[PDB]
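These notes are about the structure you will find just below.
Just so you know, ligand 1 is whichever comes first in the structure, and atom 1 is the first atom listed for that ligand. Scope of the values below: all heavy atoms of this structure, side chains included, with no hydrogens, waters or symmetry mates. One is the number of the first residue; the rest follow in order along the sequence.
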Amino acid sequence: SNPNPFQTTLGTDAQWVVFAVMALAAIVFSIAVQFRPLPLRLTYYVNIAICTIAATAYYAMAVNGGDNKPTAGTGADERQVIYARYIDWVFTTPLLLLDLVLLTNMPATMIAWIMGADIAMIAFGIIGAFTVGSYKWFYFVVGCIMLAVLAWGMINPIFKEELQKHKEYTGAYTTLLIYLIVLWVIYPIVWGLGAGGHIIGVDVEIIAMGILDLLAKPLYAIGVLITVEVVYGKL
Ligand SMILES: CCCCCCCC/C=C\CCCCCCCC(=O)OC[C@@H](O)CO
Ligand SMILES: CCCCCCCC/C=C\CCCCCCCC(=O)OC[C@@H](O)CO
Ligand SMILES: *C/C=C(C)/C=C/C=C(C)/C=C/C1=C(C)CCCC1(C)C
Ligand SMILES: CCCCCCCCCCCCCCCC
Ligand SMILES: CCCCCCCCCCCCCC
Ligand SMILES: CCCCCCCCCCCC
Ligand SMILES: CCCCCCCCCCCC
Ligand SMILES: CCCCCCCCCC
Ligand SMILES: CCCCCCCCCC
């Protein structure tokens, strides 16, 4: 029970690796956008911001994680709480959604509640992360419902023509969004096993979310950027 409940040099090394990749992606996108026509540049800037924020967060986690503070719980159930990741997510997950929202004609009211659910989800996550005992699962479950809500909203332009910008390319939107949803559903599983249940150790949770973050940010960004380039080229 509660195995390996503090970050070690294993977790720290993993964070430095993810830091390096996020920083490199931000730099590469920042140089690339200089060569691209103006209508494409917003999408590059969104992804430059995502990767820059993530690099900053991983720098913070790698430099400070060895302090083995703060913690939640006492005695044998005490476990380190890494909370920088939530500060990352409250800014980057709306930007990740924005990547796809930019490919739609969703009205402002709809974008608003999708983004609102997203921010709520992260908020319930960090509150749950610091909550000792069974009430943590109320936060968890409501956060999971918020993921379902934001996903439902993002799904609607797929089959609602009035929400579509360029219908002939619904396929690219659909594919990117399914990729995003698959990855995002893994995050609460990791949280449930780690921050929530104390079933997996802190280094393991670090590595798992490191892998997810690489897939969900710079690899996802490359997919989005390729999509908007190809679509713009065909218009
Ligand atoms: C122009 C606005 C740009 C967006 C606003 C800033 C975005 C935030 C950037 C990075 C967020 C993650 C860094 C947040 C820093 C977390 C601090 C930490 O890791 O604590 C370690 C513990 O040992 C101490 O208790
Ligand atoms: C659309 C494609 C979706 C792909 C989803 C891939 C999700 C990957 C995330 C997590 C998978 C598990 C990887 C984590 C691998 C285990 C980490 C580990 O063993 O830590 C070392 C310890 O033994 C020492 O303490
Ligand atoms: C780049 C960072 C990403 C894509 C982070 C995504 C995070 C989530 C999808 C978080 C989901 C959560 C729940 C649905 C319930 C509460 C716990 C969270 C915050 C891990
Ligand atoms: C679209 C919402 C999907 C939410 C999926 C949540 C999966 C939760 C799995 C939790 C695994 C850890 C169980 C707790 C062990 C103590
Ligand atoms: C949209 C569907 C929401 C599903 C929420 C799933 C929550 C998983 C329950 C984990 C609780 C474990 C308590 C020990
Ligand atoms: C705390 C809320 C942070 C949100 C910052 C990201 C905003 C992304 C733009 C959403 C579309 C308007
Ligand atoms: C040490 C464990 C390595 C796990 C590698 C997972 C990589 C996921 C690739 C998914 C591609 C879509
Ligand atoms: C009408 C059905 C609404 C279901 C919301 C969940 C969206 C699918 C997430 C996989
Ligand atoms: C720049 C894109 C990096 C994607 C890395 C995906 C592999 C993660 C497991 C090693």
Side-chain angles (χ1 to χ4, degrees), residues 6-7 12 15 18-19 22 25-26 42 45-71 80-102 104 106-131 136-151 154 179-197 202 205-206 208-221:
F6 296 93
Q7 180 172 334
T12 300
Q15 288 163 349
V18 177
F19 164 70
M22 296 297 187
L42 176 57
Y45 296 148
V46 171
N47 294 114
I48 292 161
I50 289 163
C51 288
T52 300
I53 291 160
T56 301
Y58 269 91
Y59 179 86
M61 288 185 291
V63 170
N64 294 311
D67 292 353
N68 289 338
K69 296 288 212 180
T71 69
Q80 176 167 355
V81 181
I82 295 166
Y83 64 88
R85 60 177 61 123
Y86 302 98
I87 306 175
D88 174 329
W89 302 347
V90 80
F91 296 105
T92 58
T93 55
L95 292 173
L96 288 163
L97 295 180
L98 179 61
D99 267 330
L100 292 181
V101 168
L102 287 171
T104 78
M106 289 186 220
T109 168
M110 180 171 184
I111 301 165
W113 62 256
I114 286 169
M115 297 292 177
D118 181 279
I119 291 161
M121 175 182 76
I122 306 302
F124 285 114
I126 187 164
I127 297 174
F130 283 102
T131 297
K136 71 169 77 195
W137 295 110
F138 272 129
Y139 296 113
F140 180 70
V141 171
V142 175
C144 290
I145 300 169
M146 291 302 101
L147 178 51
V149 165
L150 70 87
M154 293 299 293
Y179 175 84
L180 180 150
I181 291 172
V182 163
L183 289 178
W184 285 30
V185 167
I186 311 301
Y187 285 82
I189 302 180
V190 178
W191 190 103
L193 296 166
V202 167
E205 99 187 351
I206 289 171
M209 284 180 275
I211 292 164
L212 290 168
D213 282 346
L214 292 174
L215 295 170
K217 291 185 171 71
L219 189 58
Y220 172 78

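For atom 17 (C) of ligand 1, the candidate residues are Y86, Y83, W89; the nearest heavy-atom contact is made by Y83.
In this structure, the protein non-hydrogen atom closest to atom 14 (C) of ligand 1 is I87 CD1, 3.7 Å. When hydrogens are left out, the protein atom nearest atom 15 (C) of ligand 1 is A60 CB, 4.1 Å; that is the closest non-hydrogen contact. With hydrogens left out, the protein atom closest to atom 6 (C) of ligand 1 is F91 CE1, 4.4 Å, a heavy atom. Nearest non-hydrogen protein atom to atom 7 (C) of ligand 6 is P94 CB, 4.2 Å. For atom 21 (C) of ligand 1, the nearest protein heavy atom (residue, atom name, distance) is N64 CB, 3.5 Å. Protein heavy atom at the shortest distance from atom 19 (O) of ligand 1 is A84 CB, 3.6 Å. The shortest contact between atom 12 (C) of ligand 6 and any protein heavy atom is with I111 CG2, 4.8 Å. Protein heavy atom closest to atom 1 (C) of ligand 6, with residue, atom name and distance, is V90 CG2, 4.0 Å. Nearest protein heavy-atom neighbour of atom 12 (C) of ligand 3: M121 CG, 4.0 Å. Of the protein's heavy atoms, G125 CA, 3.9 Å lies nearest to atom 16 (C) of ligand 3. Counting protein heavy atoms only, atom 10 (C) of ligand 1 is closest to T56 CG2, 3.7 Å. For atom 9 (C) of ligand 6, the closest heavy atom belonging to the protein is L98 CD2, 4.3 Å. Residue, atom and distance of the protein heavy atom nearest to atom 8 (C) of ligand 3 are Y187 CB, 3.5 Å.
Ring orientation note: the planes of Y187 and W89 are nearly perpendicular, at an angle over 60° on the 30°/60° scale. Aromatic ring orientation, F130 versus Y83: tilted (interplanar angle from 30° to 60°).
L219 is not listed as a side-chain neighbour of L214, based on a closest heavy-atom distance of 4.5 Å or more. Side-chain contact check for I114 versus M106: some heavy-atom pair is nearer than 4.5 Å. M22 places none of its side-chain heavy atoms less than 4.5 Å from the side chain of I50. Residues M209 and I186 form no side-chain contact, since every pair of their non-hydrogen atoms from C-beta on lies 4.5 Å or further apart. Side-chain contact between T12 and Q7 is present, with heavy atoms from C-beta onward closer than 4.5 Å. In this structure, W184 and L97 have side chains that are in contact, with non-hydrogen atoms separated by less than 4.5 Å. Counting heavy atoms from C-beta outward, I82 and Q15 have side chains that approach closer than 4.5 Å.
Residue contacts with ligand 6, taken as heavy atom pairs separated by less than 4.0 Å, involve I119 solely via side-chain atoms from C-beta onward. Counting heavy atoms under 4.0 Å from ligand 3, residue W184 touches it through both backbone and side chain. Counting heavy atoms under 4.0 Å from ligand 3, residue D88 does not touch it at all.
Rounding to the nearest 0.5 Å places CG of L180 at 9.0 Å from CG of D99. Atom CD1 of residue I119 and atom CE of residue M146 lie 12.5 Å apart, to the nearest 0.5 angstrom.
Proximity of atom 18 (C) of ligand 3 to the protein is not indicated, since no non-hydrogen protein atom lies closer than 4.0 angstrom. Taking a distance limit of 4.0 Å, we find that atom 1 (C) of ligand 1 is approached by no protein heavy atom.
Atoms of ligand 3 lying under 4.0 Å from any heavy atom of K217, numbered from 1 in the order shown and given with element: 1 (C), 2 (C), 3 (C). Applying the 4.0 Å criterion to heavy atoms of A57 picks out, from ligand 1, the atoms 12 (C). The distance from ligand 3 to the heavy atoms of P188 drops below 4.0 Å at these ligand atoms: 11 (C), 13 (C), 14 (C). Against a heavy-atom cut-off of under 4.0 Å, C144 is close to the following atoms of ligand 3: 14 (C), 15 (C). For ligand 1, the atoms closer than 4.0 angstrom to any heavy atom of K69 are 22 (C), 23 (O). Within ligand 3, the atoms closer than 4.0 Å to a non-hydrogen atom of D213 are 1 (C), 2 (C), numbered from 1 in the order shown. For ligand 3 and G143, the ligand atoms under 4.0 Å from any heavy atom of the residue are 14 (C), 15 (C). Counting atoms of ligand 6 from 1 in the listed order, those under 4.0 Å from a heavy atom of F91 are 3 (C).
Counting only distance, with no hydrogens or angles, the side chain of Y179 and the backbone of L215 share a donor-acceptor pair below 3.5 Å. Without hydrogens or angle criteria, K217 side chain to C51 main chain gives no donor-acceptor distance under 3.5 Å.
Under a 4.0 Å heavy-atom criterion, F124 is not in contact with ligand 3.
Counted within 6.0 Å of OH on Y86, heavy atoms from surrounding residues, nucleotides or ligands total more than 12; the atom is thus considered enclosed. Summarising the local packing, OH of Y139 is surrounded by 12 or fewer heavy atoms from other residues, nucleotides or ligands at distances under 6.0 Å.
When only modelled atom types and interatomic distance are considered, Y58 and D213 share a side-chain donor-acceptor pair under 3.5 Å.
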